[PDB]
file entry33.cif (mmCIF, N, CA, C and O atoms)
data_query
#
loop_
_atom_site.label_atom_id
_atom_site.label_comp_id
_atom_site.auth_asym_id
_atom_site.auth_seq_id
_atom_site.Cartn_x
_atom_site.Cartn_y
_atom_site.Cartn_z
N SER A 2 -141.78 -38.13 -59.05
CA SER A 2 -141.29 -36.79 -58.57
C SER A 2 -142.29 -36.09 -57.65
O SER A 2 -143.51 -36.02 -57.97
N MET A 3 -141.79 -35.57 -56.53
CA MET A 3 -142.69 -35.02 -55.56
C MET A 3 -142.12 -33.92 -54.71
O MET A 3 -140.90 -33.75 -54.58
N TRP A 4 -143.04 -33.22 -54.09
CA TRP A 4 -142.68 -32.13 -53.16
C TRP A 4 -143.41 -32.38 -51.84
O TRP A 4 -144.51 -33.01 -51.81
N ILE A 5 -142.77 -32.00 -50.74
CA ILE A 5 -143.39 -32.07 -49.40
C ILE A 5 -143.12 -30.74 -48.66
O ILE A 5 -142.27 -29.98 -49.08
N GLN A 6 -143.87 -30.46 -47.59
CA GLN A 6 -143.57 -29.27 -46.77
C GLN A 6 -142.90 -29.74 -45.49
O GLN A 6 -143.33 -30.74 -44.89
N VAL A 7 -141.83 -29.05 -45.10
CA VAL A 7 -141.23 -29.22 -43.77
C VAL A 7 -141.51 -27.92 -42.94
O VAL A 7 -141.24 -26.83 -43.39
N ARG A 8 -142.10 -28.08 -41.76
CA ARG A 8 -142.44 -26.99 -40.87
C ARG A 8 -141.90 -27.29 -39.46
O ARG A 8 -142.04 -28.42 -38.96
N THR A 9 -141.31 -26.28 -38.80
CA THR A 9 -140.87 -26.41 -37.41
C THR A 9 -142.05 -26.69 -36.45
O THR A 9 -143.22 -26.30 -36.66
N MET A 10 -141.76 -27.41 -35.38
CA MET A 10 -142.78 -27.77 -34.41
C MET A 10 -143.54 -26.55 -33.83
O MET A 10 -144.72 -26.67 -33.48
N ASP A 11 -142.84 -25.42 -33.70
CA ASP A 11 -143.39 -24.15 -33.20
C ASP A 11 -144.23 -23.35 -34.21
O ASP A 11 -144.86 -22.32 -33.87
N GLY A 12 -144.15 -23.80 -35.46
CA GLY A 12 -144.91 -23.25 -36.58
C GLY A 12 -144.25 -22.08 -37.27
O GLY A 12 -144.73 -21.65 -38.33
N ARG A 13 -143.15 -21.58 -36.72
CA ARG A 13 -142.58 -20.31 -37.19
C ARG A 13 -141.80 -20.38 -38.51
O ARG A 13 -141.62 -19.38 -39.15
N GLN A 14 -141.34 -21.55 -38.94
CA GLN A 14 -140.55 -21.61 -40.17
C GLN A 14 -140.98 -22.82 -41.00
O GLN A 14 -141.23 -23.90 -40.45
N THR A 15 -141.07 -22.62 -42.32
CA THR A 15 -141.54 -23.64 -43.25
C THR A 15 -140.75 -23.59 -44.53
O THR A 15 -140.44 -22.51 -45.01
N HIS A 16 -140.46 -24.76 -45.09
CA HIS A 16 -139.85 -24.83 -46.44
C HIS A 16 -140.33 -26.07 -47.17
O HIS A 16 -140.36 -27.18 -46.62
N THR A 17 -140.71 -25.87 -48.44
CA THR A 17 -140.92 -26.96 -49.36
C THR A 17 -139.59 -27.63 -49.72
O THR A 17 -138.56 -26.98 -49.94
N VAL A 18 -139.62 -28.96 -49.71
CA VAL A 18 -138.51 -29.72 -50.24
C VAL A 18 -139.08 -30.36 -51.48
O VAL A 18 -140.11 -31.04 -51.42
N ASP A 19 -138.41 -30.16 -52.61
CA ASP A 19 -138.88 -30.77 -53.82
C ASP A 19 -137.82 -31.60 -54.50
O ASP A 19 -136.77 -31.87 -53.91
N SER A 20 -138.15 -32.06 -55.71
CA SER A 20 -137.34 -33.02 -56.46
C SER A 20 -137.08 -34.28 -55.65
O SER A 20 -135.97 -34.83 -55.66
N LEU A 21 -138.10 -34.72 -54.92
CA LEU A 21 -138.03 -35.95 -54.17
C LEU A 21 -138.71 -37.05 -54.94
O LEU A 21 -139.49 -36.79 -55.83
N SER A 22 -138.38 -38.28 -54.64
CA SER A 22 -139.23 -39.38 -55.10
C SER A 22 -139.74 -40.13 -53.90
O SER A 22 -139.14 -40.04 -52.84
N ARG A 23 -140.82 -40.90 -54.05
CA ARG A 23 -141.30 -41.67 -52.94
C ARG A 23 -140.22 -42.60 -52.29
O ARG A 23 -140.33 -42.99 -51.13
N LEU A 24 -139.18 -42.93 -53.05
CA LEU A 24 -138.08 -43.77 -52.58
C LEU A 24 -137.01 -42.94 -51.88
O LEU A 24 -135.99 -43.47 -51.48
N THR A 25 -137.20 -41.63 -51.74
CA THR A 25 -136.18 -40.84 -51.05
C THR A 25 -135.96 -41.35 -49.62
O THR A 25 -136.90 -41.69 -48.91
N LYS A 26 -134.70 -41.44 -49.20
CA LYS A 26 -134.37 -41.89 -47.85
C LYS A 26 -134.47 -40.77 -46.85
O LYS A 26 -134.13 -39.63 -47.15
N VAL A 27 -134.91 -41.10 -45.64
CA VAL A 27 -134.97 -40.07 -44.58
C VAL A 27 -133.65 -39.28 -44.39
O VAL A 27 -133.65 -38.03 -44.15
N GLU A 28 -132.52 -39.99 -44.50
CA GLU A 28 -131.20 -39.36 -44.28
C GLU A 28 -130.97 -38.34 -45.39
O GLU A 28 -130.35 -37.30 -45.16
N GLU A 29 -131.49 -38.61 -46.58
CA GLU A 29 -131.37 -37.67 -47.68
C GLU A 29 -132.27 -36.47 -47.45
O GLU A 29 -131.92 -35.34 -47.81
N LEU A 30 -133.45 -36.71 -46.86
CA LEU A 30 -134.33 -35.61 -46.49
C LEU A 30 -133.67 -34.68 -45.44
O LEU A 30 -133.74 -33.41 -45.54
N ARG A 31 -132.97 -35.30 -44.49
CA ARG A 31 -132.21 -34.56 -43.46
C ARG A 31 -131.19 -33.61 -44.10
O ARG A 31 -130.97 -32.50 -43.61
N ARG A 32 -130.53 -34.07 -45.16
CA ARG A 32 -129.57 -33.26 -45.87
C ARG A 32 -130.21 -32.13 -46.61
O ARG A 32 -129.62 -31.09 -46.74
N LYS A 33 -131.40 -32.33 -47.17
CA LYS A 33 -132.12 -31.26 -47.89
C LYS A 33 -132.55 -30.21 -46.88
O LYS A 33 -132.48 -29.00 -47.12
N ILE A 34 -133.00 -30.68 -45.72
CA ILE A 34 -133.48 -29.81 -44.68
C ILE A 34 -132.37 -28.94 -44.13
O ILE A 34 -132.64 -27.81 -43.69
N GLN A 35 -131.14 -29.44 -44.12
CA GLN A 35 -130.02 -28.65 -43.62
C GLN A 35 -129.77 -27.42 -44.50
O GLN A 35 -129.44 -26.32 -43.98
N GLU A 36 -129.92 -27.60 -45.81
CA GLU A 36 -129.68 -26.50 -46.75
C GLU A 36 -130.71 -25.41 -46.59
O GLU A 36 -130.44 -24.26 -46.89
N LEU A 37 -131.89 -25.75 -46.08
CA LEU A 37 -132.98 -24.81 -46.03
C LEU A 37 -133.16 -24.21 -44.64
O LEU A 37 -133.60 -23.07 -44.51
N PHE A 38 -132.88 -24.99 -43.62
CA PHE A 38 -133.12 -24.53 -42.28
C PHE A 38 -131.79 -24.38 -41.55
O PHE A 38 -131.79 -23.90 -40.46
N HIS A 39 -130.69 -24.80 -42.16
CA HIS A 39 -129.35 -24.65 -41.55
C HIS A 39 -129.29 -25.38 -40.21
O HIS A 39 -128.86 -24.82 -39.20
N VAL A 40 -129.74 -26.64 -40.20
CA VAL A 40 -129.67 -27.41 -38.96
C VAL A 40 -128.93 -28.65 -39.37
O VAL A 40 -129.30 -29.34 -40.35
N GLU A 41 -127.90 -28.96 -38.62
CA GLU A 41 -127.12 -30.17 -38.87
C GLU A 41 -128.04 -31.39 -38.67
O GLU A 41 -128.80 -31.42 -37.70
N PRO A 42 -127.98 -32.41 -39.58
CA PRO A 42 -128.85 -33.61 -39.50
C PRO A 42 -128.91 -34.24 -38.10
O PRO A 42 -130.01 -34.65 -37.68
N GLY A 43 -127.78 -34.26 -37.37
CA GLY A 43 -127.73 -34.89 -36.05
C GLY A 43 -128.65 -34.22 -35.03
O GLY A 43 -129.01 -34.80 -34.00
N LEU A 44 -129.03 -32.99 -35.31
CA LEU A 44 -129.89 -32.27 -34.39
C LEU A 44 -131.33 -32.26 -34.85
O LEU A 44 -132.24 -31.83 -34.12
N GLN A 45 -131.57 -32.72 -36.07
CA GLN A 45 -132.92 -32.76 -36.60
C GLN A 45 -133.63 -34.00 -36.14
O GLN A 45 -133.14 -35.12 -36.33
N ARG A 46 -134.81 -33.83 -35.57
CA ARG A 46 -135.69 -34.94 -35.40
C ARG A 46 -136.96 -34.64 -36.18
O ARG A 46 -137.59 -33.56 -36.02
N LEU A 47 -137.35 -35.62 -36.98
CA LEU A 47 -138.40 -35.41 -38.00
C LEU A 47 -139.58 -36.24 -37.65
O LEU A 47 -139.40 -37.44 -37.28
N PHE A 48 -140.77 -35.63 -37.74
CA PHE A 48 -141.99 -36.33 -37.33
C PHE A 48 -143.00 -36.28 -38.44
O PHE A 48 -143.12 -35.24 -39.09
N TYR A 49 -143.67 -37.42 -38.67
CA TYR A 49 -144.76 -37.51 -39.62
C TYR A 49 -145.98 -38.04 -38.84
O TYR A 49 -145.98 -39.18 -38.32
N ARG A 50 -147.00 -37.20 -38.73
CA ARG A 50 -148.17 -37.53 -37.94
C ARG A 50 -147.73 -38.04 -36.58
O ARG A 50 -148.28 -39.04 -36.05
N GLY A 51 -146.71 -37.38 -36.04
CA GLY A 51 -146.29 -37.63 -34.66
C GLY A 51 -145.36 -38.80 -34.54
O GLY A 51 -144.89 -39.08 -33.46
N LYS A 52 -145.07 -39.49 -35.64
CA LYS A 52 -144.17 -40.63 -35.58
C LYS A 52 -142.76 -40.15 -35.97
O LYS A 52 -142.59 -39.57 -37.00
N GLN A 53 -141.74 -40.43 -35.16
CA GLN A 53 -140.35 -40.09 -35.46
C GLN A 53 -139.81 -40.84 -36.66
O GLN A 53 -139.95 -42.09 -36.75
N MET A 54 -139.19 -40.12 -37.58
CA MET A 54 -138.75 -40.73 -38.83
C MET A 54 -137.30 -41.12 -38.72
O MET A 54 -136.45 -40.29 -38.34
N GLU A 55 -136.98 -42.34 -39.20
CA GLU A 55 -135.63 -42.95 -39.00
C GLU A 55 -134.86 -43.16 -40.27
O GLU A 55 -135.43 -43.45 -41.33
N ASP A 56 -133.54 -43.07 -40.17
CA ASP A 56 -132.65 -43.28 -41.31
C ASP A 56 -132.80 -44.71 -41.77
O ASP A 56 -133.17 -45.58 -40.97
N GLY A 57 -132.57 -44.96 -43.06
CA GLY A 57 -132.66 -46.30 -43.59
C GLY A 57 -134.06 -46.57 -44.15
O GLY A 57 -134.22 -47.44 -44.97
N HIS A 58 -135.05 -45.78 -43.73
CA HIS A 58 -136.40 -45.84 -44.27
C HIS A 58 -136.65 -44.81 -45.40
O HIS A 58 -135.93 -43.84 -45.49
N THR A 59 -137.65 -45.06 -46.25
CA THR A 59 -137.99 -44.12 -47.34
C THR A 59 -139.28 -43.36 -47.00
O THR A 59 -140.03 -43.75 -46.10
N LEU A 60 -139.57 -42.31 -47.75
CA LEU A 60 -140.86 -41.62 -47.65
C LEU A 60 -142.04 -42.56 -47.87
O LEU A 60 -143.05 -42.47 -47.18
N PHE A 61 -141.89 -43.45 -48.82
CA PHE A 61 -142.90 -44.48 -49.12
C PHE A 61 -143.17 -45.36 -47.87
O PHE A 61 -144.34 -45.61 -47.53
N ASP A 62 -142.11 -45.77 -47.15
CA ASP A 62 -142.28 -46.49 -45.89
C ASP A 62 -143.23 -45.81 -44.88
O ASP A 62 -144.05 -46.51 -44.26
N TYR A 63 -143.14 -44.46 -44.76
CA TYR A 63 -143.99 -43.68 -43.86
C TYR A 63 -145.34 -43.35 -44.48
O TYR A 63 -146.22 -42.75 -43.80
N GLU A 64 -145.53 -43.76 -45.75
CA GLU A 64 -146.73 -43.45 -46.53
C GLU A 64 -146.89 -41.94 -46.75
O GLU A 64 -147.99 -41.43 -46.76
N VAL A 65 -145.79 -41.24 -46.90
CA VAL A 65 -145.85 -39.82 -47.19
C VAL A 65 -146.32 -39.58 -48.61
O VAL A 65 -145.73 -40.14 -49.54
N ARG A 66 -147.38 -38.77 -48.81
CA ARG A 66 -147.90 -38.45 -50.16
C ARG A 66 -147.58 -37.01 -50.59
O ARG A 66 -147.11 -36.20 -49.78
N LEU A 67 -147.83 -36.69 -51.85
CA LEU A 67 -147.46 -35.40 -52.44
C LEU A 67 -147.97 -34.24 -51.62
O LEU A 67 -149.17 -34.19 -51.32
N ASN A 68 -147.07 -33.33 -51.25
CA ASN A 68 -147.41 -32.11 -50.57
C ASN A 68 -147.91 -32.31 -49.15
O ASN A 68 -148.63 -31.49 -48.62
N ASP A 69 -147.58 -33.47 -48.57
CA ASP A 69 -147.89 -33.75 -47.16
C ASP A 69 -146.89 -32.89 -46.35
O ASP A 69 -145.89 -32.45 -46.91
N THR A 70 -147.13 -32.72 -45.03
CA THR A 70 -146.17 -32.03 -44.19
C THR A 70 -145.52 -32.93 -43.14
O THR A 70 -146.15 -33.79 -42.56
N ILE A 71 -144.23 -32.72 -42.91
CA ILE A 71 -143.52 -33.35 -41.81
C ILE A 71 -142.93 -32.26 -40.86
O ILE A 71 -142.49 -31.23 -41.29
N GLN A 72 -142.99 -32.52 -39.56
CA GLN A 72 -142.44 -31.58 -38.58
C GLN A 72 -141.00 -31.75 -38.29
O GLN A 72 -140.50 -32.88 -38.18
N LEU A 73 -140.34 -30.61 -38.07
CA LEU A 73 -138.93 -30.58 -37.66
C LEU A 73 -138.82 -30.08 -36.23
O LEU A 73 -139.29 -28.98 -35.94
N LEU A 74 -138.22 -30.90 -35.36
CA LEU A 74 -137.75 -30.46 -34.02
C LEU A 74 -136.22 -30.35 -34.07
O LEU A 74 -135.53 -31.19 -34.69
N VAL A 75 -135.69 -29.30 -33.50
CA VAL A 75 -134.25 -29.10 -33.49
C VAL A 75 -133.81 -29.37 -32.03
O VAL A 75 -134.33 -28.74 -31.11
N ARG A 76 -132.92 -30.33 -31.84
CA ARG A 76 -132.32 -30.60 -30.55
C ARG A 76 -131.25 -29.56 -30.29
O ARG A 76 -130.59 -29.10 -31.23
N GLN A 77 -131.05 -29.23 -29.01
CA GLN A 77 -129.93 -28.39 -28.57
C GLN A 77 -128.58 -29.10 -28.64
O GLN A 77 -127.56 -28.50 -29.00
N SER A 78 -128.56 -30.37 -28.26
CA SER A 78 -127.38 -31.21 -28.38
C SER A 78 -127.74 -32.59 -28.96
O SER A 78 -127.00 -33.15 -29.79
#

call {"tool": "encode", "arguments": {"input": "entry33.cif", "output": "structure tokens"}}
result
Amino acid sequence: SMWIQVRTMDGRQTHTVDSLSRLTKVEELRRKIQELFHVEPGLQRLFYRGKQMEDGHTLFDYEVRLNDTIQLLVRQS
């Protein structure tokens, strides 16, 4: 069980996502992020240490650890 921070690329908005496991899928993270930031998954692009995060992969795949941060960019289209 784990928690991570999601912060916008501009720095202005941040939310903890919790009740995750290291096996959580990126697509599932996108859905959690929608509830908190109100951004449809299709417009979310997620970055971990500058690397774009892809569906089908887990947090463990990206080596994300407890309370690490991932960036959210919101596309216009």

call {"tool": "closest_residue", "arguments": {"input": "entry33.cif", "among": "A:59, A:65, A:45, A:8", "to": "residue 26 of chain A", "atoms": "only N, CA, C and O atoms"}}
result
A:59

call {"tool": "residues_around", "arguments": {"input": "entry33.cif", "residues": "residue 33 of chain A", "least_positions_apart": "5", "cutoff": "12 Å", "atoms": "only C-alpha atoms", "output": "list in words"}}
result
residues 4, 5, 6, 7, 16, 17, 18, 19, 20, 21, 25, 26, 27, 28, 38, 39, 40, 41, 42 and 45 of chain A

call {"tool": "closest_residue", "arguments": {"input": "entry33.cif", "among": "A:37, A:52, A:31, A:23", "to": "residue 3 of chain A", "atoms": "only N, CA, C and O atoms"}}
result
A:23

call {"tool": "resolve_selection", "arguments": {"input": "entry33.cif", "expression": "the PyMOL selection byres ((chain A and resi 77) around 8)", "output": "VMD selection string"}}
result
chain A and resid 43 to 45 74 to 76 78

call {"tool": "atom_distance", "arguments": {"input": "entry33.cif", "atom1": "atom N of residue 72 of chain A", "atom2": "atom C of residue 57 of chain A"}}
result
17.3 Å
